[PDB]
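Here the structure comes first, spelled out in structure tokens, and everything after it is commentary.
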Protein chains: 2
Amino acid sequence: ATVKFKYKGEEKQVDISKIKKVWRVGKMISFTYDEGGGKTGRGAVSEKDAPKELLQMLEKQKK
Amino acid sequence: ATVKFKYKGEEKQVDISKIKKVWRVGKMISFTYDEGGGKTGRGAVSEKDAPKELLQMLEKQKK
DNA sequence: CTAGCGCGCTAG
DNA sequence: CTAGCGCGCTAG
């Protein structure tokens, strides 16, 4: 419930309790939360993709 | 002669005397040098695209 | 090893 | 307004 998105063709969402590795070519923050059990499961989460629980991560980071 | 690259299907190169606006989604540094006269002319210049005259720009920047 | 999600401004 | 250059790690 911290962020949401869609990969391949399935919607997915996870709270901060499963997010940690998140980089960003130049789209948003390719984050990894899970993939059915807990294998990170990358995904692209844009500040507009999460419920206001992401754009704030860049507010204190790249600001 | 500061950087080089290729857009659409044509090679192009320009010295620092014509480069200034350069951002980067997540590929390198989309820079603008010219387009036949001097209209900026964007282009993607990766640290490996320029003759060692670019990777140094990120050495002091994002390092 | 392989596609995969997107962008970023971009010029006219 | 429109395509355009690429990536980044990404999981197995």
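Order determines the names: the first chain of the structure tokens is A, the second B, and so forth; residues in each chain are numbered 1 upward, and ligands are numbered 1 upward as they are shown.
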Counting only C-alpha atoms (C1' of nucleotides), chain D residues within 12 Å of chain A, as a PyMOL selection string: chain D and resi 6-12
Prev. selection, C-alpha atoms (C1' of nucleotides), output as a PDB file, in the first residue's frame:
```pdb
ATOM      1  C1'  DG D   6      18.775   5.239 -25.040  1.00  0.00           C
ATOM      2  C1'  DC D   7      19.195   3.117 -21.243  1.00  0.00           C
ATOM      3  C1'  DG D   8      19.048   1.134 -16.091  1.00  0.00           C
ATOM      4  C1'  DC D   9      19.369  -2.436 -13.665  1.00  0.00           C
ATOM      5  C1'  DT D  10      15.918  -6.243 -13.873  1.00  0.00           C
ATOM      6  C1'  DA D  11      15.044 -11.120 -12.218  1.00  0.00           C
ATOM      7  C1'  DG D  12      16.241 -17.226 -12.664  1.00  0.00           C
TER       8       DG D  12
END
```
Write out chain A, as an mmCIF file with N, CA, C and O atoms, in the first residue's frame, after superposing it onto chain B by least squares using every C-alpha atom paired in order.
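What landed in out_7.cif:
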```
data_model
loop_
_atom_site.group_PDB
_atom_site.id
_atom_site.type_symbol
_atom_site.label_atom_id
_atom_site.label_comp_id
_atom_site.auth_asym_id
_atom_site.auth_seq_id
_atom_site.Cartn_x
_atom_site.Cartn_y
_atom_site.Cartn_z
ATOM 1 N N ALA A 1 34.184 19.118 -31.865
ATOM 2 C CA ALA A 1 35.233 18.126 -31.506
ATOM 3 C C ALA A 1 35.206 17.836 -30.004
ATOM 4 O O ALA A 1 36.149 17.303 -29.454
ATOM 5 N N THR A 2 34.139 18.175 -29.332
ATOM 6 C CA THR A 2 34.083 17.900 -27.873
ATOM 7 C C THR A 2 33.284 16.642 -27.617
ATOM 8 O O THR A 2 33.516 15.895 -26.688
ATOM 9 N N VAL A 3 32.338 16.437 -28.445
ATOM 10 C CA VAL A 3 31.449 15.248 -28.312
ATOM 11 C C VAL A 3 30.943 14.788 -29.681
ATOM 12 O O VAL A 3 30.965 15.527 -30.646
ATOM 13 N N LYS A 4 30.468 13.575 -29.764
ATOM 14 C CA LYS A 4 29.934 13.064 -31.061
ATOM 15 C C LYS A 4 28.729 12.165 -30.797
ATOM 16 O O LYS A 4 28.449 11.804 -29.671
ATOM 17 N N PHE A 5 28.025 11.793 -31.828
ATOM 18 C CA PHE A 5 26.832 10.907 -31.650
ATOM 19 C C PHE A 5 26.149 10.651 -32.996
ATOM 20 O O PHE A 5 26.749 10.765 -34.046
ATOM 21 N N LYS A 6 24.889 10.314 -32.963
ATOM 22 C CA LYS A 6 24.143 10.054 -34.228
ATOM 23 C C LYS A 6 22.634 10.133 -33.974
ATOM 24 O O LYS A 6 22.118 9.529 -33.054
ATOM 25 N N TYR A 7 21.922 10.875 -34.779
ATOM 26 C CA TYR A 7 20.446 10.991 -34.580
ATOM 27 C C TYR A 7 19.718 10.718 -35.899
ATOM 28 O O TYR A 7 20.124 11.171 -36.950
ATOM 29 N N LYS A 8 18.644 9.973 -35.853
ATOM 30 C CA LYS A 8 17.894 9.665 -37.105
ATOM 31 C C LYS A 8 18.740 8.779 -38.023
ATOM 32 O O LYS A 8 18.352 7.683 -38.373
ATOM 33 N N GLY A 9 19.894 9.247 -38.413
ATOM 34 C CA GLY A 9 20.764 8.432 -39.307
ATOM 35 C C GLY A 9 21.929 9.287 -39.811
ATOM 36 O O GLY A 9 22.378 9.142 -40.931
ATOM 37 N N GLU A 10 22.424 10.178 -38.994
ATOM 38 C CA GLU A 10 23.559 11.038 -39.433
ATOM 39 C C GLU A 10 24.517 11.289 -38.265
ATOM 40 O O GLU A 10 24.102 11.592 -37.163
ATOM 41 N N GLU A 11 25.796 11.167 -38.498
ATOM 42 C CA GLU A 11 26.778 11.402 -37.402
ATOM 43 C C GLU A 11 26.998 12.903 -37.205
ATOM 44 O O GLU A 11 26.925 13.678 -38.138
ATOM 45 N N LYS A 12 27.267 13.320 -35.999
ATOM 46 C CA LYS A 12 27.491 14.765 -35.744
ATOM 47 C C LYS A 12 28.457 14.951 -34.573
ATOM 48 O O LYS A 12 28.518 14.142 -33.669
ATOM 49 N N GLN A 13 29.214 16.014 -34.581
ATOM 50 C CA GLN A 13 30.175 16.254 -33.468
ATOM 51 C C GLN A 13 30.365 17.758 -33.257
ATOM 52 O O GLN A 13 30.335 18.533 -34.193
ATOM 53 N N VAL A 14 30.558 18.181 -32.039
ATOM 54 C CA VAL A 14 30.745 19.638 -31.782
ATOM 55 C C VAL A 14 31.666 19.854 -30.585
ATOM 56 O O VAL A 14 31.696 19.069 -29.661
ATOM 57 N N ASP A 15 32.418 20.917 -30.602
ATOM 58 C CA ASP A 15 33.349 21.203 -29.468
ATOM 59 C C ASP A 15 32.579 21.909 -28.347
ATOM 60 O O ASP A 15 31.429 22.265 -28.505
ATOM 61 N N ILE A 16 33.195 22.110 -27.217
ATOM 62 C CA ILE A 16 32.508 22.776 -26.103
ATOM 63 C C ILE A 16 32.053 24.184 -26.508
ATOM 64 O O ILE A 16 31.270 24.813 -25.825
ATOM 65 N N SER A 17 32.555 24.688 -27.601
ATOM 66 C CA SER A 17 32.174 26.062 -28.039
ATOM 67 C C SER A 17 30.726 26.110 -28.538
ATOM 68 O O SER A 17 30.246 27.144 -28.957
ATOM 69 N N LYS A 18 30.022 25.012 -28.506
ATOM 70 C CA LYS A 18 28.612 25.032 -28.992
ATOM 71 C C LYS A 18 27.723 24.144 -28.115
ATOM 72 O O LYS A 18 26.571 23.912 -28.422
ATOM 73 N N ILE A 19 28.244 23.650 -27.027
ATOM 74 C CA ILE A 19 27.418 22.784 -26.137
ATOM 75 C C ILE A 19 27.015 23.557 -24.876
ATOM 76 O O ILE A 19 27.767 24.366 -24.368
ATOM 77 N N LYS A 20 25.835 23.318 -24.365
ATOM 78 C CA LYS A 20 25.398 24.047 -23.137
ATOM 79 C C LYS A 20 24.174 23.372 -22.513
ATOM 80 O O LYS A 20 24.167 23.042 -21.343
ATOM 81 N N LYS A 21 23.137 23.163 -23.278
ATOM 82 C CA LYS A 21 21.922 22.508 -22.713
ATOM 83 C C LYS A 21 22.049 20.992 -22.837
ATOM 84 O O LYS A 21 21.978 20.439 -23.916
ATOM 85 N N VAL A 22 22.249 20.311 -21.743
ATOM 86 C CA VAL A 22 22.396 18.836 -21.812
ATOM 87 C C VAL A 22 21.782 18.157 -20.582
ATOM 88 O O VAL A 22 22.289 18.251 -19.482
ATOM 89 N N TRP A 23 20.704 17.447 -20.770
ATOM 90 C CA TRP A 23 20.071 16.728 -19.628
ATOM 91 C C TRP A 23 20.258 15.230 -19.846
ATOM 92 O O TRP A 23 21.082 14.821 -20.636
ATOM 93 N N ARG A 24 19.529 14.398 -19.161
ATOM 94 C CA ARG A 24 19.736 12.937 -19.370
ATOM 95 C C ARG A 24 18.617 12.100 -18.739
ATOM 96 O O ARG A 24 18.630 11.854 -17.549
ATOM 97 N N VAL A 25 17.668 11.618 -19.508
ATOM 98 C CA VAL A 25 16.614 10.763 -18.881
ATOM 99 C C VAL A 25 17.331 9.699 -18.059
ATOM 100 O O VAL A 25 17.317 9.714 -16.846
ATOM 101 N N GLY A 26 17.987 8.796 -18.735
ATOM 102 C CA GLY A 26 18.756 7.721 -18.051
ATOM 103 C C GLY A 26 19.574 6.986 -19.114
ATOM 104 O O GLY A 26 19.707 5.781 -19.099
ATOM 105 N N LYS A 27 20.100 7.719 -20.056
ATOM 106 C CA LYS A 27 20.892 7.097 -21.155
ATOM 107 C C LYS A 27 22.307 7.666 -21.171
ATOM 108 O O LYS A 27 23.286 6.959 -21.302
ATOM 109 N N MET A 28 22.397 8.953 -21.066
ATOM 110 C CA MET A 28 23.712 9.640 -21.099
ATOM 111 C C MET A 28 23.465 11.120 -20.822
ATOM 112 O O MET A 28 23.041 11.488 -19.746
ATOM 113 N N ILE A 29 23.684 11.972 -21.782
ATOM 114 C CA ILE A 29 23.411 13.411 -21.563
ATOM 115 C C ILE A 29 22.835 14.001 -22.848
ATOM 116 O O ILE A 29 23.555 14.536 -23.669
ATOM 117 N N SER A 30 21.548 13.911 -23.044
ATOM 118 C CA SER A 30 20.968 14.485 -24.285
ATOM 119 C C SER A 30 21.474 15.918 -24.420
ATOM 120 O O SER A 30 20.968 16.828 -23.794
ATOM 121 N N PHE A 31 22.494 16.119 -25.201
ATOM 122 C CA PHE A 31 23.055 17.500 -25.329
ATOM 123 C C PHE A 31 22.615 18.179 -26.633
ATOM 124 O O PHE A 31 22.237 17.536 -27.591
ATOM 125 N N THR A 32 22.686 19.484 -26.668
ATOM 126 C CA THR A 32 22.301 20.231 -27.899
ATOM 127 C C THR A 32 23.488 21.081 -28.361
ATOM 128 O O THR A 32 24.002 21.895 -27.621
ATOM 129 N N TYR A 33 23.941 20.888 -29.568
ATOM 130 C CA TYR A 33 25.109 21.679 -30.054
ATOM 131 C C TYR A 33 24.758 22.448 -31.332
ATOM 132 O O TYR A 33 25.102 23.605 -31.483
ATOM 133 N N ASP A 34 24.088 21.818 -32.259
ATOM 134 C CA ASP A 34 23.735 22.521 -33.525
ATOM 135 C C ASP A 34 22.880 21.617 -34.417
ATOM 136 O O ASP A 34 22.630 20.471 -34.099
ATOM 137 N N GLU A 35 22.432 22.124 -35.533
ATOM 138 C CA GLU A 35 21.596 21.295 -36.448
ATOM 139 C C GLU A 35 21.702 21.825 -37.881
ATOM 140 O O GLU A 35 20.756 21.773 -38.644
ATOM 141 N N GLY A 36 22.845 22.333 -38.253
ATOM 142 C CA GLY A 36 23.011 22.866 -39.634
ATOM 143 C C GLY A 36 23.375 24.349 -39.570
ATOM 144 O O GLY A 36 24.030 24.877 -40.447
ATOM 145 N N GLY A 37 22.957 25.028 -38.536
ATOM 146 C CA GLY A 37 23.281 26.478 -38.416
ATOM 147 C C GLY A 37 23.648 26.803 -36.968
ATOM 148 O O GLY A 37 24.714 27.317 -36.688
ATOM 149 N N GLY A 38 22.776 26.508 -36.043
ATOM 150 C CA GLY A 38 23.077 26.802 -34.613
ATOM 151 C C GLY A 38 21.781 26.785 -33.802
ATOM 152 O O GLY A 38 21.593 27.574 -32.897
ATOM 153 N N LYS A 39 20.882 25.894 -34.120
ATOM 154 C CA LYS A 39 19.598 25.828 -33.366
ATOM 155 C C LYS A 39 19.688 24.781 -32.253
ATOM 156 O O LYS A 39 18.849 23.911 -32.140
ATOM 157 N N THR A 40 20.699 24.857 -31.432
ATOM 158 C CA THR A 40 20.840 23.861 -30.329
ATOM 159 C C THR A 40 21.050 22.460 -30.909
ATOM 160 O O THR A 40 22.124 21.900 -30.828
ATOM 161 N N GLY A 41 20.033 21.891 -31.496
ATOM 162 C CA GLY A 41 20.176 20.529 -32.082
ATOM 163 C C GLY A 41 20.478 19.520 -30.973
ATOM 164 O O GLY A 41 21.619 19.187 -30.717
ATOM 165 N N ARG A 42 19.465 19.029 -30.312
ATOM 166 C CA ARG A 42 19.687 18.045 -29.223
ATOM 167 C C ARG A 42 20.376 16.793 -29.764
ATOM 168 O O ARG A 42 20.588 16.641 -30.951
ATOM 169 N N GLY A 43 20.720 15.898 -28.888
ATOM 170 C CA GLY A 43 21.392 14.644 -29.305
ATOM 171 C C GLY A 43 21.795 13.885 -28.044
ATOM 172 O O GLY A 43 22.009 14.475 -27.010
ATOM 173 N N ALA A 44 21.890 12.590 -28.096
ATOM 174 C CA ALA A 44 22.270 11.846 -26.861
ATOM 175 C C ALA A 44 23.773 11.550 -26.851
ATOM 176 O O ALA A 44 24.270 10.789 -27.656
ATOM 177 N N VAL A 45 24.500 12.146 -25.939
ATOM 178 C CA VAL A 45 25.964 11.894 -25.878
ATOM 179 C C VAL A 45 26.317 11.097 -24.619
ATOM 180 O O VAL A 45 26.257 11.600 -23.515
ATOM 181 N N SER A 46 26.686 9.854 -24.784
ATOM 182 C CA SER A 46 27.043 9.008 -23.604
ATOM 183 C C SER A 46 28.528 9.138 -23.279
ATOM 184 O O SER A 46 29.348 9.384 -24.139
ATOM 185 N N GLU A 47 28.873 8.979 -22.032
ATOM 186 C CA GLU A 47 30.305 9.095 -21.635
ATOM 187 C C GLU A 47 31.199 8.348 -22.632
ATOM 188 O O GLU A 47 32.339 8.709 -22.847
ATOM 189 N N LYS A 48 30.694 7.308 -23.239
ATOM 190 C CA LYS A 48 31.520 6.542 -24.218
ATOM 191 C C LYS A 48 31.368 7.138 -25.620
ATOM 192 O O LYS A 48 32.107 6.811 -26.528
ATOM 193 N N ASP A 49 30.415 8.008 -25.804
ATOM 194 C CA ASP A 49 30.212 8.625 -27.143
ATOM 195 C C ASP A 49 31.251 9.723 -27.384
ATOM 196 O O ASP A 49 31.824 9.826 -28.451
ATOM 197 N N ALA A 50 31.498 10.545 -26.401
ATOM 198 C CA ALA A 50 32.499 11.636 -26.574
ATOM 199 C C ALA A 50 33.915 11.091 -26.370
ATOM 200 O O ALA A 50 34.104 10.078 -25.726
ATOM 201 N N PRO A 51 34.866 11.787 -26.932
ATOM 202 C CA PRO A 51 36.285 11.373 -26.815
ATOM 203 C C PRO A 51 36.810 11.653 -25.404
ATOM 204 O O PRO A 51 37.724 12.431 -25.215
ATOM 205 N N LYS A 52 36.239 11.025 -24.413
ATOM 206 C CA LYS A 52 36.707 11.258 -23.016
ATOM 207 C C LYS A 52 36.436 12.707 -22.603
ATOM 208 O O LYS A 52 36.899 13.169 -21.579
ATOM 209 N N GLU A 53 35.687 13.427 -23.393
ATOM 210 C CA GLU A 53 35.384 14.845 -23.047
ATOM 211 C C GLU A 53 33.977 14.954 -22.453
ATOM 212 O O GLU A 53 33.362 16.001 -22.475
ATOM 213 N N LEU A 54 33.465 13.879 -21.920
ATOM 214 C CA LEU A 54 32.107 13.914 -21.323
ATOM 215 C C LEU A 54 32.096 13.155 -19.996
ATOM 216 O O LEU A 54 31.685 13.674 -18.977
ATOM 217 N N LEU A 55 32.550 11.932 -19.995
ATOM 218 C CA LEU A 55 32.568 11.152 -18.727
ATOM 219 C C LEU A 55 33.161 12.006 -17.606
ATOM 220 O O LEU A 55 32.891 11.796 -16.440
ATOM 221 N N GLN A 56 33.962 12.975 -17.953
ATOM 222 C CA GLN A 56 34.567 13.849 -16.910
ATOM 223 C C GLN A 56 33.538 14.869 -16.424
ATOM 224 O O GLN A 56 33.626 15.378 -15.324
ATOM 225 N N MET A 57 32.554 15.165 -17.229
ATOM 226 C CA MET A 57 31.518 16.143 -16.801
ATOM 227 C C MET A 57 30.708 15.545 -15.653
ATOM 228 O O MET A 57 30.249 16.241 -14.771
ATOM 229 N N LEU A 58 30.547 14.251 -15.655
ATOM 230 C CA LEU A 58 29.787 13.594 -14.564
ATOM 231 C C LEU A 58 30.736 13.249 -13.419
ATOM 232 O O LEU A 58 30.317 12.951 -12.322
ATOM 233 N N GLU A 59 32.015 13.304 -13.663
ATOM 234 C CA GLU A 59 32.986 12.996 -12.578
ATOM 235 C C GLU A 59 32.883 14.076 -11.502
ATOM 236 O O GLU A 59 32.912 13.801 -10.319
ATOM 237 N N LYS A 60 32.752 15.306 -11.913
ATOM 238 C CA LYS A 60 32.630 16.416 -10.929
ATOM 239 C C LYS A 60 31.153 16.681 -10.618
ATOM 240 O O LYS A 60 30.822 17.345 -9.655
ATOM 241 N N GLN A 61 30.259 16.167 -11.425
ATOM 242 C CA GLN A 61 28.806 16.395 -11.164
ATOM 243 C C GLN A 61 28.257 15.254 -10.306
ATOM 244 O O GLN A 61 28.492 15.199 -9.116
ATOM 245 N N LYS A 62 27.554 14.323 -10.897
ATOM 246 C CA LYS A 62 27.038 13.184 -10.098
ATOM 247 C C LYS A 62 28.227 12.362 -9.596
ATOM 248 O O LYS A 62 28.100 11.505 -8.746
ATOM 249 N N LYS A 63 29.389 12.634 -10.132
ATOM 250 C CA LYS A 63 30.614 11.900 -9.722
ATOM 251 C C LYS A 63 30.455 10.403 -10.000
ATOM 252 O O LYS A 63 31.118 9.913 -10.900
#
```
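Here the DSSP assignment of strand (DSSP E), based on backbone atoms, applies within range 19-54 of chain B to residues 22, 23, 29, 30, 31, 44 and 45 of chain B.
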Quick one: write out the picked residues with C-alpha atoms as a PDB file, in the first residue's frame?
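Result saved to selection-v2.pdb:
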```
ATOM      1  CA  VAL B  22      22.397  18.835 -21.812  1.00  0.00           C
ATOM      2  CA  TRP B  23      20.071  16.729 -19.628  1.00  0.00           C
ATOM      3  CA  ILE B  29      23.401  13.409 -21.561  1.00  0.00           C
ATOM      4  CA  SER B  30      20.971  14.487 -24.287  1.00  0.00           C
ATOM      5  CA  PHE B  31      23.057  17.502 -25.330  1.00  0.00           C
ATOM      6  CA  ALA B  44      22.269  11.845 -26.859  1.00  0.00           C
ATOM      7  CA  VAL B  45      25.962  11.895 -25.877  1.00  0.00           C
TER       8      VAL B  45
END
```
Residue set, chain B restricted to helix (DSSP H, G or I), as a VMD selection string: chain B and resid 16 to 18 55 to 60
Residues from the last selection, N, CA, C and O atoms, saved as a tab-separated table (two decimals), in the first residue's frame:
```
chain	number	residue	atom	x	y	z
B	16	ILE	N	33.20	22.11	-27.22
B	16	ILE	CA	32.51	22.78	-26.10
B	16	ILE	C	32.05	24.18	-26.51
B	16	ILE	O	31.27	24.81	-25.83
B	17	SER	N	32.56	24.69	-27.60
B	17	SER	CA	32.18	26.06	-28.04
B	17	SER	C	30.73	26.11	-28.54
B	17	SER	O	30.25	27.14	-28.96
B	18	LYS	N	30.02	25.01	-28.51
B	18	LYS	CA	28.61	25.03	-28.99
B	18	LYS	C	27.72	24.14	-28.12
B	18	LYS	O	26.57	23.91	-28.42
B	55	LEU	N	32.55	11.93	-20.00
B	55	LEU	CA	32.57	11.15	-18.73
B	55	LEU	C	33.16	12.01	-17.61
B	55	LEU	O	32.89	11.79	-16.44
B	56	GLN	N	33.96	12.97	-17.95
B	56	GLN	CA	34.57	13.85	-16.91
B	56	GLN	C	33.54	14.87	-16.43
B	56	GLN	O	33.63	15.38	-15.33
B	57	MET	N	32.55	15.16	-17.23
B	57	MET	CA	31.52	16.14	-16.80
B	57	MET	C	30.71	15.54	-15.65
B	57	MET	O	30.25	16.24	-14.77
B	58	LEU	N	30.55	14.25	-15.66
B	58	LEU	CA	29.79	13.59	-14.56
B	58	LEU	C	30.74	13.25	-13.42
B	58	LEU	O	30.32	12.95	-12.32
B	59	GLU	N	32.02	13.30	-13.66
B	59	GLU	CA	32.99	13.00	-12.58
B	59	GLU	C	32.88	14.08	-11.50
B	59	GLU	O	32.91	13.80	-10.32
B	60	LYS	N	32.75	15.31	-11.91
B	60	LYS	CA	32.63	16.42	-10.93
B	60	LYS	C	31.15	16.68	-10.62
B	60	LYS	O	30.82	17.35	-9.66
```
